[PDB]
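Geometric and topological summary
Here's the letter readout for the chains.
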Amino acid sequence: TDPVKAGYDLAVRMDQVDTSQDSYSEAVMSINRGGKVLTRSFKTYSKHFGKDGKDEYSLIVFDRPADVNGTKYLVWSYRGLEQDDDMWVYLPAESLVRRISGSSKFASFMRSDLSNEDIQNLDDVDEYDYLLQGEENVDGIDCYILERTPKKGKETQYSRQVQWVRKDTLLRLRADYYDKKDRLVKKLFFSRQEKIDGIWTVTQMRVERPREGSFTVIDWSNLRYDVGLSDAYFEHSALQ
Ligand SMILES: [Cl-]
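Its official PDB title, as written in the record, is "Crystal structure of a DUF1329 family protein (DESPIG_00262) from Desulfovibrio piger ATCC 29098 at 1.75 A resolution".

1. Points about the overall build of the protein
In terms of helices and strands, the protein carries one helix and 13 strands. For the protein, whose C-alpha radius of gyration is 18 Å, the value lies close to the compact-globule estimate of 18 Å for 240 residues. In terms of overall dimensions, the protein has C-alpha extents of about 55 × 45 × 35 Å along its principal axes.

2. So, the environment of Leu223
Within the secondary structure, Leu223 is located in strand β13 (residues 214-225). Here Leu223 falls in the buried class, since its relative accessible area comes to 18%. Considering only alpha carbons, one finds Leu223 and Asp197, 26 residues apart in sequence, at a separation of 9.2 Å. When near neighbours in sequence (up to four residues on either side) are disregarded, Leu223 contacts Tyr24, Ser25, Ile196 and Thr201.

3. Details of the layout of surface pockets
Here the second largest pocket is characterised by a volume of approximately 240 Å³. In terms of lining, the second largest pocket is formed by 13 residues, of which the most central are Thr71, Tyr73, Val89, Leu91 and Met110.

4. Some words on the nonpolar core
Core analysis: the biggest nonpolar cluster contains 25 residues, and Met29, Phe42, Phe62, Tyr73, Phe109, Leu188 and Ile218 have the highest contact counts within it. Breaking this core down by element, the ones donating at least two residues are β1 (22-33), β3 (55-64), β4 (72-77), β5 (86-91), β10 (172-179), β11 (184-196), β12 (199-209) and β13. One finds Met14, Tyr128, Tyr130 and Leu170 within the second-largest nonpolar core, a separate group that totals 16 residues.

5. Digging into the pattern of salt bridges
Summed over all chains, the structure comprises 16 salt bridges. Here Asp123 ties to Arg172 by a salt bridge, and the two come within 3.0 Å at their closest N and O atoms. Taken together, the residues span a long stretch of sequence, with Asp123 in the loop between β6 (96-99) and β7 (128-138) and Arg172 in strand β10 at a distance of 49 residues. There is no split in this pair, since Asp123 and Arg172 are both buried. Each member of the salt-bridge network shares a partner with another, and the members are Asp15, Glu56 and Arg79.

6. Observations regarding the pairing of β12
Relative to β12, β11 runs antiparallel, the two sharing eight bridges. For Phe189, the partnering residue across the bridge sits in β12 and is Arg206. Two elements, β12 and β13, share six bridges in a ladder whose sense is antiparallel. What sits directly across from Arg209, in β13, is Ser214. Connecting β12 to the antiparallel partner β13 that follows it, the hairpin turn spans four residues, and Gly213 within it adopts a positive phi of roughly 70 degrees.

Rules behind the numbers
- The residue numbers you see begin from 1 on each chain and track the sequence as written, which may not match the entry, and residues missing coordinates are not shown.
- Here the side-chain values reflect all heavy atoms present in the structure, with hydrogen atoms and water set aside.
- Residues with missing side-chain atoms are left out of burial classes, side-chain pairs and their counts.
- Going along the chain from the N terminus, every DSSP run of H or I of four or more residues is numbered as a helix, and every run of E of two or more is numbered as a strand.
- Radius of gyration: C-alpha atoms only; globule rule: 2.2 Å multiplied by the number of residues to the exponent 0.38.
- Note on exposure labels: buried denotes an accessible area under 20% of the residue type's maximum, exposed denotes more than 50%, and partly exposed covers the range between, all computed with a 1.4 Å probe on protein chains only.
- Contact criterion: two residues are considered in contact whenever any of their non-hydrogen atoms come within 4.5 Å of each other.
- Of the two site types, the cavity is a set of points on a 1 Å grid over the protein atoms alone where a 1.4 Å probe fits but cannot get out, and the pocket is an open set with protein on both sides within 12 Å along at least five of seven lines, each lined by residues with an atom within 4 Å of a point.
- Grid points are joined across faces, edges and corners, and a volume is the space filled by probe spheres set on the points.
- Think of a nonpolar core as a cluster: buried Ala, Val, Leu, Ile, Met, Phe, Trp, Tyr and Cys residues, connected wherever their side-chain atoms sit within 4.5 Å.
- By convention in these notes, a salt bridge is any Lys or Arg side-chain nitrogen within 4 Å of a carboxyl oxygen on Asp or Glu.
- Here the rule is simple: two strands pair whenever DSSP picks up at least two bridges between them.

Here it is in C-alpha cells:
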C-alpha cells in the first residue's frame, strides 16, 4: 500500500462531500484572549463558479457589534494553482475597499484565531502532498490520520497540517497546524457536525493559538444549501 497515493485518494473523497451549488449561513464568533472577549456576528453567502463549477465565491457580511457592522469580505477562490485566490475587505470606518493579497493572507481575520487564508477553500486537493498515517479512535470516534504538506511555491504560513478525519462522514474532527519553524501554531476542533439538506457539515469550531494565549469559538446556525443565490452577491460592486 502506498500511503502518499492513499492520502491523496482520501483527500479526493473528502472534497466530494459538498455536493451543493450555493449556501447560506449565520454565525456567531467569540474570541477569548486573557479573559477579554471580542464577539462578531456574520452571514456567509457562497456559490460555485467556473468551467466545471469548481471555483468557489464567498461573501461574508458582519452585522454586530456596532463597531464591525458593515464589514464585508469578498473571496474569489479558484480550483488549481494557476491563479491566486482573490480577496477584498470593505471597512465601514473608512468606507474603503482593500485587497488582501500575498503575506497579508497570513494576518488575523477580524482579530480572531483564524487567518485571512483560513477563510478560503479548505479542500483544494491539488495544492498539497498527502501522507495517510493510519487510524485512531479520538474520544469514541474512528478517524483517519491524514497529513498534508503544501506543494513547493504555495503562499501559506503553514509547513504541514495533521488532520483527524471521521471515517463515516469524511469531515475533519481535529487538525494541528505547523508554522515554517515546525512549531505547533494552531489547534482546530470541529466540535459539531450536522447533516444539512443531505450534506454532513461542520457547524461548530474551536480554533486555538497556543503561542498567542487565545482561542476562538464559532457557532453556525440557519445553514441552508442550494437556495438560488444570485451572482450579484459575488460581484466587486456588492462591497461598496
Ligand atoms: Cl489595495
